[PDB]
Amino acid sequence: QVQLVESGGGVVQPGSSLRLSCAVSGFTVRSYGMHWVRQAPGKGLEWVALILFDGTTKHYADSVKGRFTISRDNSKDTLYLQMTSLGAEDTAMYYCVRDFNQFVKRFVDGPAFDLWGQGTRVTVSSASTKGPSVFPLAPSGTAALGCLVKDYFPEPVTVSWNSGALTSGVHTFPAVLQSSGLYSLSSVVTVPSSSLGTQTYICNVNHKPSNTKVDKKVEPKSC
Amino acid sequence: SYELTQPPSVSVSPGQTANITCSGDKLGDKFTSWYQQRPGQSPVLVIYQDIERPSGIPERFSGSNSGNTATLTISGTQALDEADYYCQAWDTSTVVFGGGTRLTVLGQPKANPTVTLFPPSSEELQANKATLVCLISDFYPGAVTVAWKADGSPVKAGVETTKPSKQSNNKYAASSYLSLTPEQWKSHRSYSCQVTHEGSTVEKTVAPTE
Amino acid sequence: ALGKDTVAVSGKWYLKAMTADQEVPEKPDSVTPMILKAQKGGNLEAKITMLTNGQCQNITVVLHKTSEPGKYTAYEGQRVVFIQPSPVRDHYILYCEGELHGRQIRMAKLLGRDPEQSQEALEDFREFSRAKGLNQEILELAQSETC
Ligand SMILES: *[C@@H]1O[C@H](CO)[C@@H](O)[C@H](O)[C@H]1NC(C)=O
Ligand SMILES: *[C@@H]1O[C@H](CO)[C@@H](O)[C@H](O)[C@H]1NC(C)=O
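Residues numbered from 1 in each chain as written, not as in the entry; some residues may be left out. Chains lettered and ligands numbered in written order. Heavy atoms only, no water. Residues with missing side-chain atoms left out of burial classes, pairs and counts.

Method of determination for the deposited model, per the PDB record: X-ray crystallography, at 3.109 Å resolution.

1. Here's the deal with the overall build of chain C
Inclusion rule: A helix here means a DSSP run of H or I that spans at least four residues, while a strand means a run of E at least two residues long, and both kinds are numbered starting from the N terminus. The reference for a compact globule is 2.2 Å times residues^0.38; the radius of gyration itself is calculated from the C-alpha atoms. The criterion used for residue contact is that any of the two residues' heavy atoms lie within 4.5 Å.
A count of helical and extended segments in chain C gives two helices and nine strands. Along chain C, helices and strands appear, N-terminal first, in the series α-β-β-β-β-β-β-β-β-β-α. Its C-alpha atoms give chain C a radius of gyration of 15 Å, within 12% of the compact-globule value 15 Å for 147 residues. Oriented by its inertia axes, the alpha-carbon framework of chain C measures out at about 40 × 35 × 30 Å. Residue pairs in contact within chain C that sit at least 24 positions apart in sequence constitute 47% of those at least 6 positions apart.

2. Looking at the overall build of chain A
Broken down by element type, chain A carries one helix and 19 strands. A compact globule built from 223 residues should have a C-alpha radius of gyration of about 17 Å, whereas chain A, at 24 Å, is more than 25% larger.

3. Side note on the packing of aromatic side chains
Stated formally: Stacked, tilted and edge-to-face are the three classes applied to pairs of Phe, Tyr and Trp rings, where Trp contributes its six-membered ring and a pair requires centres within 6.5 Å; stacked means planes under 30 degrees apart, edge-to-face means over 60, and tilted covers the rest. Think of it in three bands: with a 1.4 Å probe and only protein chains considered, a residue is buried below 20% of the maximum accessible area for its type, exposed above 50%, and partly exposed in between. Placement of a positive charge over a ring is assigned whenever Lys NZ or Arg CZ falls within 6 Å of the ring centre and within 35 degrees of the normal to the ring plane.
Tallied over the entire structure, the rule returns 17 aromatic pairs over all chains. Seen from their ring centres, A:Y95 and A:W116 are 6.0 Å apart, and the 80° between their planes marks the pair as edge-to-face. Of this pair, A:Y95 sits in strand β9 (residues 92–103) while A:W116 is found in strand β11 (residues 113–116), placing the two residues 21 residues apart along the sequence. A:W116 shares its class with A:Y95; the two are buried. Taken together, A:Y95, A:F113, A:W116, B:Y35 and B:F97 form an aromatic cluster joined through their ring pairs. Sitting above the plane of the A:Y32 ring, A:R98 keeps its charged end 4.3 Å from the centroid. Its end group placed over the ring of B:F31, C:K40 keeps NZ or CZ at 4.5 Å from the ring centre.

4. Some thoughts on the side chain of A:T120
Residue and element names in this part refer to chain A. How we decide: Throughout this description, a polar contact denotes any pair of N or O atoms lying within 3.5 Å of each other; where both atoms belong to protein, one of them has to be capable of donating a hydrogen while the other can accept it, and for residues adjacent in sequence the pair is counted only when both atoms sit in side chains.
In this fold, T120 is placed in strand β12 (residues 120–124). Residue classification places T120 among the buried residues on the basis of a relative accessible area of 9%. At a separation of 3.2 Å, a polar atom in the side chain of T120 contacts the main-chain amide nitrogen of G9. Among residues more than four places away in sequence, those in contact with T120 are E6, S7, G8, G9, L20, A92, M93 and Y94.

5. Section: helix α2 (residues 119–132) of chain C
Convention followed: A helix's residues, less one, multiplied by 1.5 Å, set its expected span.
End to end, α2(C) covers 20 Å across 14 residues, agreeing with the expected 20 Å (1.5 Å per residue, within 8%). Count one or two residues on from α2(C) and you reach C:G133, which has phi positive near 115°.

6. So, the nonpolar core
Defined as follows: Note on terminology: a nonpolar core comprises buried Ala, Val, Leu, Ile, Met, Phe, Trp, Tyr and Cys residues joined through side-chain atoms within 4.5 Å.
The biggest cluster of nonpolar side chains holds 50 residues, and the ones touching the most others in it are A:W36, A:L81, A:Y94, A:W116 and B:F97. If sequence neighbours within four positions are ignored, A:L81 has contacts with A:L18, A:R19, A:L20, A:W36, A:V48, A:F68, A:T69, A:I70 and A:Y94.

7. Here we look at the site of ligand 2
Heads up, the rule is: Near, as used in this document, describes a residue that has one of its heavy atoms within 4 Å of the molecule or strand being considered. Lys, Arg, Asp and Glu make up the charged group, whereas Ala, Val, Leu, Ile, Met, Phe, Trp, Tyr, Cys and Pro make up the nonpolar group; the residues left over, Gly among them, are polar.
Near ligand 2 you find A:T56, C:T49, C:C56 and C:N58, and these make up its full shell. One chain alone does not account for the residues near ligand 2; they come from chains A and C. The contact in question runs from an oxygen atom of ligand 2 to an N or O atom on the side chain of C:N58, over 2.5 Å. A breakdown of the residues in the shell around ligand 2 according to their chemical character gives one nonpolar, three polar and no charged.

8. Quick notes on the sheet that holds strand β15 (residues 158–161) of chain A
Residues and elements named next belong to chain A. Quick note on the threshold: Strands are treated as partners if at least two bridges between them are detected by DSSP. For helices, the axis comes from a line fit to the C-alpha atoms of the stretch in contact; other axes are also lines fit to C-alpha atoms, and the angle between any two N-to-C directions lies between 0 and 180 degrees.
Reading across the sheet, the three strands line up as β15-β18-β19 and stay open at both edges, with antiparallel pairing between neighbours. In this open sheet, the two edge strands, each paired with only one partner strand, are β15 and β19 (212–217). Direction aside, the axes of adjacent strands within the sheet are offset by 20° on average. Note: β15 against strand β18 (residues 202–207), four bridges, orientation antiparallel. Of the residues in β18, the one forming a bridge with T158 is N206.

9. Let's talk about the interface of chain A and chain B
One frequently used descriptor of interface size is the decrease in accessible area upon assembly of the parts. Across the boundary between the two partners, chain A contributes 47 residues, which contact 39 residues of chain B. Those elements that provide at least two residues to the side of chain A that touches chain B are β4 (32–39), β5 (45–51), β9, β11, β13 (133–137), β14 (142–152) and β17 (183–192) of chain A. No other element matches β14(A), which puts five residues into the side of chain A that touches chain B. Per-class residue counts for the side of chain A that touches chain B are 25 nonpolar, 15 polar and seven charged.

10. So, the sheet that holds β14(A)
All names here are of chain A. In spatial order, the strands read β13-β14-β17-β16; together these four strands make up an open sheet with antiparallel pairing. Among the strands making up the open sheet, the edge pair consists of β13 and β16 (170–172). In this sheet, adjacent strand axes meet at a mean angle of 15° when their direction is disregarded. As judged from the three bridges shared by β16 and β17, these two strands associate in the antiparallel manner. In the sheet register, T172 faces β17, and the bridge partner there is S187.

11. With respect to the UniProt feature "disulfide bond" in chain C
Residue and element names in this part refer to chain C. Note the cut-off: Pairs of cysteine sulfur atoms within 2.5 Å are what we label disulfides. UniProt positions are given in the numbering used here, feature names are shortened, and annotations may be inferred rather than shown by experiment.
You can see the UniProt disulfide between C56 and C147 is made here, since their sulfurs are only 2.0 Å apart, below 2.5 Å. Remark: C147 occurs in the segment after α2 and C56 occurs in strand β5 (residues 56–65); sequence separation between them is 91 residues. Residue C56 is classed as partly exposed on the basis of its relative accessible area of 31%. The exposed category is assigned to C147, whose relative accessible area is 70%.

12. Brief notes about the state of the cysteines
All names here are of chain A. Taken as a whole, this structure holds five disulfides over all chains when the rule is applied. A sulfur-sulfur separation of 2.0 Å characterises the disulfide bridge that pairs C147 with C203. Measuring handedness by torsion sign, the sulfur bridge of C147 and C203 sits at about -105° and is left-handed. You can see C147 sitting in strand β14 and its partner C203 sitting in strand β18, a full 56 residues away along the chain. Like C147, the residue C203 is buried in the burial classification.

13. Topic: the domain arrangement of chain A
This is how the line gets drawn: An automatic or database domain assignment is the source of the domain bounds shown.
Here chain A is partitioned into domain 1 (4–124) and domain 2 (133–217). When each unit is reduced to the centre of its C-alpha atoms, the spacing between domain 1 of chain A and domain 2 of chain A is 39 Å.

See below:
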């Protein structure tokens, strides 16, 4: 019986108009000022918009002002956020929250968000499920041999090394989105320079969401 | 517009009291609110109306908004308190959030970053693209700043950085990617990645030349 | 610190009854719910819309706090506003001594959380108004919601 639950989350393209919605229980939405708060991956919190219990009083951040709309259906007990003209900036985990000092029996000029949703993620990019471009990262008395997975739109992805022959020295890094709207990730194995002399090294990447699996032989790249 | 300001990071030992601060004009004429965002969780109101504590929140947490700054104080600080705290206040028909303060309850000896720079891949170059790769590892506490220099001049675009992530060693690790044209890459003398952790800097530089 | 009583009177109110000791020339056709915002520093900000002659007056008034709890001042000290709770729940009584439009006027206003008129609340409001000396009519007002 969780009091706030968001929906509308997923993936979109710059030229889109996704509508998020927050389903409320425990109280009526006509009774509280209700706010939306985004949080970008890695970044901190950012207030988006509020709608007072007045229902006629609505304010938005200048960032979104003109592009976004906030609204609610007292009957359905649901709060909405109509996002339009979506940017790459808009990509975030969107939360709906209740200003408990904006209640019909308690209006204090000091917004306080007691009730926090669990959120709903939004990703904005004009790209269909794409597969990784996997370039090697060559070493230059131990060495660091890597692999750069780049440009894979479906969030999930995996990496292996020598098809599981390498177990130690291997670390994979979280991915990062880009302006392109495509993820990019990396991984490296710490290796004896003696092993770099002979032992061969291939990284085995898997991007199931695109139905692809790439292997790459990392080598000195001497010249 | 109106902006709240907090230290990016604060560190305390178990038991030691922690003092996170929020700064802005007309605070103390404004009501402030404090939120706790534990690792990977949703935000939680810890202090409202400057000093008022919601139910469930322990007494260890306390508020204050004297003059143009407001403070969140945590006595008996313990592992559970390790989280990102944000302050918030209303102004100009907007709700202002601070940038937050990663609070680390030091429970491990401090660790210095090992940094590893990689140049664009011949293959990538041939692909009509270029990406420089900065790989920071084995650092604690879990905060780090990354600065790219093009021949000593700062680079501020096409840079992507990850939040630090915990590792099996219980230390943190992060990465930064610099994108540029193949022309940009061979028309500068060197490119350099600078990584500051707990005052000290590790820098690593590479060259378009082998 | 902020007054627990000042917070207790914050939020949406319906203006219901309205006695006086003098005739009020201008009367609104209908009124929008009254909103009382508690501010830092103990002051209450108060907004209401009065639909009158087919037009919406958008009132904003700040009740400045005093040394006496319950006593608030407004219009640059020109009007006092005592705020007392009714024995009937979800109802408050305002009592405005002062002067407005260059005219001394004593009014009393019945506030309620719910628009539904309570005959017990109205009774008590009359009894009080009469005891204070407000012995004119008791306008129960038309509660519209928007313009
Ligand atoms: C934190 O700041 C408050 C400000 O009044 C002070 O009373 C307290 O002693 C401080 N404690 C620490 C740990 O600095
Ligand atoms: C009157 O009050 C309403 C209610 O909030 C508001 O929307 C409007 O802008 C105000 N202005 C007028 C028309 O007097």
